[PDB]
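Submitted below is the structure of interest, expressed as structure tokens.
Labels A, B, C, D, E, F, G, H, I and J are assigned to the chains in the order they are written; within every chain, residues are numbered from 1.
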Amino acid sequence: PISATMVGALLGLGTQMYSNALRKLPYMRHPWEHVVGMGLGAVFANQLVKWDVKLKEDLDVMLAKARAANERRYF
Amino acid sequence: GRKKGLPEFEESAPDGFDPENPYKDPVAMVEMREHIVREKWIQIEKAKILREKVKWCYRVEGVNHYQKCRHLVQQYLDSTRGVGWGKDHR
Amino acid sequence: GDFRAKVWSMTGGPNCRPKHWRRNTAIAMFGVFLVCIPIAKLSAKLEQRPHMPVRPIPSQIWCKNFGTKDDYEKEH
Amino acid sequence: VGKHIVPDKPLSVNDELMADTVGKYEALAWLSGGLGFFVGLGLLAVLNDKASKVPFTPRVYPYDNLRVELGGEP
Amino acid sequence: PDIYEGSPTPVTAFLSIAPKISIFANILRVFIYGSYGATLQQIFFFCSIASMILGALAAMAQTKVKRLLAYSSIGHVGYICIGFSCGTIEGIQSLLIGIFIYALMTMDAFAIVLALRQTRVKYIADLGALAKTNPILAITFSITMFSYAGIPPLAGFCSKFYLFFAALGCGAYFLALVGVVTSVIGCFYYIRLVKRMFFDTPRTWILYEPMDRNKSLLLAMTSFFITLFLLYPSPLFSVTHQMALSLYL
Amino acid sequence: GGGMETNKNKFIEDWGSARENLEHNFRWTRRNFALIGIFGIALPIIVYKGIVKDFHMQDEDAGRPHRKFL
Amino acid sequence: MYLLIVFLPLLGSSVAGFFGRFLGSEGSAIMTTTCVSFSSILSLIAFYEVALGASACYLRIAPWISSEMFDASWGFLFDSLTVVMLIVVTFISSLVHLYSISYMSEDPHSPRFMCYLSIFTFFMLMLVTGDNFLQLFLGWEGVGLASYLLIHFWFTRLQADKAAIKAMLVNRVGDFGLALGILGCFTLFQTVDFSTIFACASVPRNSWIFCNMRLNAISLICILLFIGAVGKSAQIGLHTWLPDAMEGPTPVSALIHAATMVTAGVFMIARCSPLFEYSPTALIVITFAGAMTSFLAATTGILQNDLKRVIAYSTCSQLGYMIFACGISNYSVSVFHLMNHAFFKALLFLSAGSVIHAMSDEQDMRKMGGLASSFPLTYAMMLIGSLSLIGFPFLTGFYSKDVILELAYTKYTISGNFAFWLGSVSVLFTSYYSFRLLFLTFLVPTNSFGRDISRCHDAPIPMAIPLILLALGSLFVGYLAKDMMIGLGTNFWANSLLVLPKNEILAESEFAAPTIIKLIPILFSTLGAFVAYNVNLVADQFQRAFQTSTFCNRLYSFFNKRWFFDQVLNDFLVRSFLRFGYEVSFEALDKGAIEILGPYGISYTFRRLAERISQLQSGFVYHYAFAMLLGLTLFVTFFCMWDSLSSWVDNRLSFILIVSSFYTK
Amino acid sequence: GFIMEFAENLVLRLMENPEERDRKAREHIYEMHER
Amino acid sequence: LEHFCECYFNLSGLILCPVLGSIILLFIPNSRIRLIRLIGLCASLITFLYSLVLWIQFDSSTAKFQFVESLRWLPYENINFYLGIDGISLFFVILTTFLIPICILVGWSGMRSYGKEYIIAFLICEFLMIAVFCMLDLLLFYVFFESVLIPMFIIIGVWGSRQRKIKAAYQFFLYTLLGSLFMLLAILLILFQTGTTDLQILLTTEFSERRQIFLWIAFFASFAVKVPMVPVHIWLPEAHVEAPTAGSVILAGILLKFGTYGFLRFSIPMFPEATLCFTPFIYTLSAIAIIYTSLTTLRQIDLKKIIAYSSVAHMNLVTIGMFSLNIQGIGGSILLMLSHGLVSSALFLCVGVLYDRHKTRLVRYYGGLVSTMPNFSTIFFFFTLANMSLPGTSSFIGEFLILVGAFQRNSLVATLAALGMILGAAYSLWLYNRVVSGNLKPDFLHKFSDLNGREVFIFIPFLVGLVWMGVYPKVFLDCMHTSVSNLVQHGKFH
Amino acid sequence: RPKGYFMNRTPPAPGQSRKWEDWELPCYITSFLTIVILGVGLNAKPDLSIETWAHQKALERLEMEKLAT
């Protein structure tokens, strides 16, 4: 369906064409750069999803510690 | 997909509704509101059928309608008081 | 007048004298009579006469809804 | 028709909207007199009391003045 | 405002972002980690209110782009300091989120300003007919300006949302009123720039040299973030929550 | 002679533009105090009390205490 | 077959309106007339099966507005009252269409005119055949729309546009009262169906809050419904539109503004007699309004110089007779007089139109004179109608009008005695203006122009035939239908009209009245003919008083200018609402206070505040350092030096002074 | 074959099943009130 | 809890359609005018057909939100959002999807100078507006409504006719933003109680009387700027007049409905006690607005100012019916909403036809157009009649059903509201006669053209729409009554 | 021949046909679909309106209470 790799590749393609358009160049001015941008976008999206998972995992442990400290007050 | 036929609803009021405290069982409060609406629509269509009898009584009996439709008029007027959402509350 | 000759309207405009207005008029008459056909059948099917007339009437031929509403306690 | 008049002077504010021989309040005074004729005759009808001068008794209908036929309880 | 205007534009860009992160880290570690009465929280509360009011009005008065951005930054630090004043974990989280989003938006705006400085952009009126002479650039600057105004679903809406959330929770209503009025004033003077680039028909135009590749790439990435952050905002929320707790435990 | 566009009239257009800029001529005269007093405050209040009284009369007609409002 | 009656004029109107470019003047004239004529033949047969055959018809097509108990539908009701109206509407319309075939022969836009004639008839049929208040309401608005389209048919004439807009707005006020009456009807009975309401009307006795007041519900409904009749029937309150509606072509005046639409208010009180009978208060109000209108129209018609306006004020007077006849619980006599009025008012208008055509559109009676020999058929037709109008014995007008004055005598009440006086005095005034028209147009020595008499011609066949037919109806129908509609105890009406036993007064009117009463009309009518002959033919200095006496001059202007009714309404009511829209709701409030206490004022103050704050950034490094020092001092003073200051200060006064600082210099 | 009879079935396949709909509505209310 | 619907045709695809159209157009060269035009028109038409299919599969027996489907925001799943329609919102979605292709067709001839920016803006407006009509959440309603301001601002400011468009767009944006911020304050107030902003949940949570009053006032302030209600109605004239024709069509036909829809979707059901306490207050403001703004309409001299001022009177009749709290009142209020969205748009279309040719809006310049534009005159007269609530037209059905509902609650408000019949007919006929009737004025205008083939086709669905609802409104009332009944019964149990 | 032209378009050259503008075909196809989807769809969808259900329920409850006592 809709995966991180696909969204990232599409966003990398969009960035290169957006960058070409901001410079008033043709959309496909340097197409190898479009290939590079798709690759980079896919890499970045997969890494971002993995990083989000790791961050949630770490936040769970830290909230566990916070709740333990707060529950210490009622002893 | 939906099966062919008229819609079916539970005939009785949802158990779990508490008249003193209606904001206690969330599911029943909603099914109770739906039940009340369906009950009121039955009364509205009850009076509408009684309205048709009065109509054709007047048309059939002519100048003898006051003596002949007296009963149908009474029934129809009683049904329209406290019907639907008009000028009567309950 | 002058510019009204270059103006199209459905009603024809001022001083409308179509060349073939008779054949057009009769085509209109055939059409309206044709439209008057389904109207008559629907009317005869929808007419309701609670009381039998004192004498026979043109409608006792094409209409069959005479003296049918006597049991008005059963109306719904 | 013949020629609409193109404005050559500044237009007034109440120009989108713009009884010759009789004034405004005088016309109301006259019309109230005419409506006073109708009121005066109504009072004379009150003082005439044609109700106190009817030459026949009220109708009395059979079968309890048509109580059942008028929709009264059988 | 004077220093931001008078310094070279790259200096202004660097001063509008980097030093805020460093000193807010210092503020959070010296006081939150510390202990005193609400006196300091009242200090930051009153400074936040004064900053929003003065920033909004002074930005409304500005005719030059750099001074407008300076006063806008003052107003936004007021919005941010509201989160420090309330003294909750969510206050610190929202302060960090606001700092992050303001930094990205400010980098977007200053990339646009640096791109236009090759033609010596000085006044807001210099942006006339930009929607004609560079349509994609005019849209990118408008996305940034609407993000600045806080209009959803753009990334700038988070700051407005938390400003009002903390006020109706901490129990403040004067703060809510000030936020409403300042938000409306800010929307006016931000959409004035969109009106200048899209609606005006000046007699004389200014044709701007196209930007280099660095600024275009950075602009494209920041514009995608601004328009799309709220679709997938979880990593920022989680990392800011993580940081807020690392301060205490 | 040419073009579908109307031949503008300076007096009609001055008439038109005067209407669009009426808030520039608003001066708090005695006439405006009275008009705003009568038709901006008094009449809305009279209508509101007539509407509320209409409900209250329905309340006593049905043997029920007056309905609180606002 | 019954549906064909209603929808045939619609199809004919649709063909000439949508395809008139293929049919032209001739084809459209043929098409609309034939469709209306066939609808008129089927109306005669429906009258046979429903009125003489005593068999009513009910037809339901589909629901129209079904929302809970609200049950408006597309339904048709045919009883004796309906088929009597059906005969009047279609027969007179067929003749007017035929008449218009010749009368509008030289008009550039005849196919559109015939289109408008047929669409009015269809809406008038929808009105009289509706089985519910809403279907009646649709035809009530449709006849007003069609009347509007025909009054300003010559759309280039500024006078026609003013009259047509006036006719719509006056009648929309009546629709305001009718619409409220329908809301009360539904609220009381939870239905708009006529049969259901008439069956239930005897029962309700409850009270209602209306205008912050406690009123009887049935009385409120009937009075509200009457307001709608007042506008359509041009009664006392909303009458002035009818005289101005003569701006439309002469056939429009004969059909809409004299034969049918003007009589729809009378039909509605008659159709709702089973409801009106249970509101004695409304019947008094109806009696007062009808009698007042009859006197009003006659005293105006005595100084009118236009042919069409004299006949129009005659119509308004006659409607008053039918209205107060309804007001005294005699509805059958009202419908009888309505049917009679249709044959003789159409004759008077259609005959007067033939004069106008022959005299090159001359309408002023002060520039006519002679033509008693030049137009034998037209004078003969106007003679019959005018004699039938004044109530000459044994003509069509004698059998209805004289019973109305005899019934009003037999009503021993305050309203009954009011109507008898005003009705009786009016019969003297109508005879005066009737013979003044006869004398000034054809019998006096000519006052017309030479070029006018050199181009006279009498009515062609499409104009002549309807005049002859209306003459026959004006001599014999009154006699041919007396026993049918008003015969003692007649059952022709079946259940269409209801009169309670306490209100029956027909027997006493024809048996217990002095023989002097049954003559009062002819004494006044004869006197009116004699006074008209004296003033118009043997008087030559009865006009000096109007030129030397201020009071006699003003009295002439009073009656000629319709009691100044239009002027007062325009000067005090129409102008007041027009002035409100600009000077108060727009200029004082919208472009005024709301602007100043709004975007105009808000923008100004915030611009000034931004200006003031901007000057704070002065550019001087000393000011900025001073600001830092003052901020540090304020911090110290407020956050530490506020311990013993509270004994002298208040937090209220602190913020009071800060805000008060902004207003300095 | 017959157009309208085929039309009824096609319309019927396009309508959500009443029981499935009503149940997901109750699960929602119950779960969120307890959450 | 995933609530994905089993139906093939769902709300998500209808939402995506114009988004896909906009994304496709951004990349197509402005040199390719024929392709841009056809892509936009086809996308809008496909969306309209999809909405009709959504109508087809509608259940008129249930009170439960239909086609309900959920979209997740976080993997924590604490904040989850839902899409669904009922008998109250279905027809507004269909109207939005019907009006957007009309807007694309109106500017067909000038699309060489408009460009993809014109079609993109209207498609984005369509997507946001459908989203707003399909939400079961207070928070997403706020975001998507607040988002509609940017494309409307652009549409007014760029393709407006004169320099007054600057002030007009400023006032529009600022008024709407103030109202939206007040709504936001109310949404956070609710969230602090409930912990959620889900409509299905807050319909089942009891609010205290004091908090009901306060939440009602914040919801009121938001919705009353969009109705519009006096005295915050003054932005509407400048905004609706200064906008381009398609902009005016969207502004009056769809955007005006958001406030009254917000009363029906949130304020009325959620706070039933607060609704009753404020009914006399609503009745007063609505009745003042009908009388005052109708008299103001009489004295307006601008074609578009008259039509725009007419909408304020019509929307305040809608508020009267919906606060009557019965079947006739609410059912009539919805029917007038849809009918107004057709009649007002068509009237704006008629004036746009005249302004495209002659570039003037002053009434005094026109006159005698019946002799040169009979087809336009005939169509102008029909929609003039529909604006007077003439029986047979769609607007009479909504108007009378509201007067029925108001009469059973307060006779006085019904009488003051019924004065709209007298005043509404006065200015509507005055406008028609001063423009179409009379004699031509060749010193001002001497060159004319009746409606072309595109203009004739544009009006046809409007003519069919008003006649259809006017004579047979049962197709609409059948699909609304169950949702309407449950809206009225909400909050009471007897 | 009539006066003027329908919708003010000059006729094409004799023997030729009018060229359809780009909008005509998509608008005409949608109009046909609009008629078929609504004309057939509305008449084929089941009558699930509350009024239809309550009318049947009102008939039987009136039947059960009239047959019984």
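We adopt the following convention: contacts are C-beta pairs under 8 Å (C-beta built on N, C-alpha and C of every residue); 3 or more make two chains touch, one makes a residue touch a chain.
Each step here moves to a touching chain, and the least such steps from chain C to chain D number 2. Centrality by C-alpha centroid: the chain sitting nearest the overall protein C-alpha mean is I. With centres taken as mean Cα positions, chain C sits 73 Å from chain A. Computed from the mean C-alpha positions, the centre of chain A lies at a distance of 76 Å from the centre of chain G.
Chain C and chain G have Cα centroids lying 29 Å from one another. If you average the Cα atoms of chain E and of chain I, the two centres end up 34 Å apart. Multi-chain contact residues of chain J, defined as those touching 2 or more other chains: 2, 7-8, 41, 45-46, 48, 50-51, 53, 59. Multi-chain contact residues of chain F (touching two or more other chains) are listed as 9, 12, 15, 19, 50, 54.
In chain C, 4, 7-13, 16, 18, 50-51, 76 are the positions where the chain touches two or more neighbouring chains simultaneously.
Chain G contributes residues 56, 58, 68-69, 71, 187, 189-191, 193, 195-196, 198-200, 202-203, 494-495 to its touches with chain B in the complex. Residues of chain C that touch chain B in their complex: 50-51, 69-70, 72-73, 75-76. Residues of chain C that touch chain I in their complex: 3-4, 7-11, 13.
If you check the complex, the residues on chain G that touch chain D are 156, 202-203, 288, 292, 295, 412-418, 421-422, 500-502, 504, 508, 512, 554, 557-558, 561, 563-568, 570-572, 578-579, 582.
Taken together, the chain B residues at the contact with chain C in this complex read 49, 52-53, 55-57, 59-60, 72.
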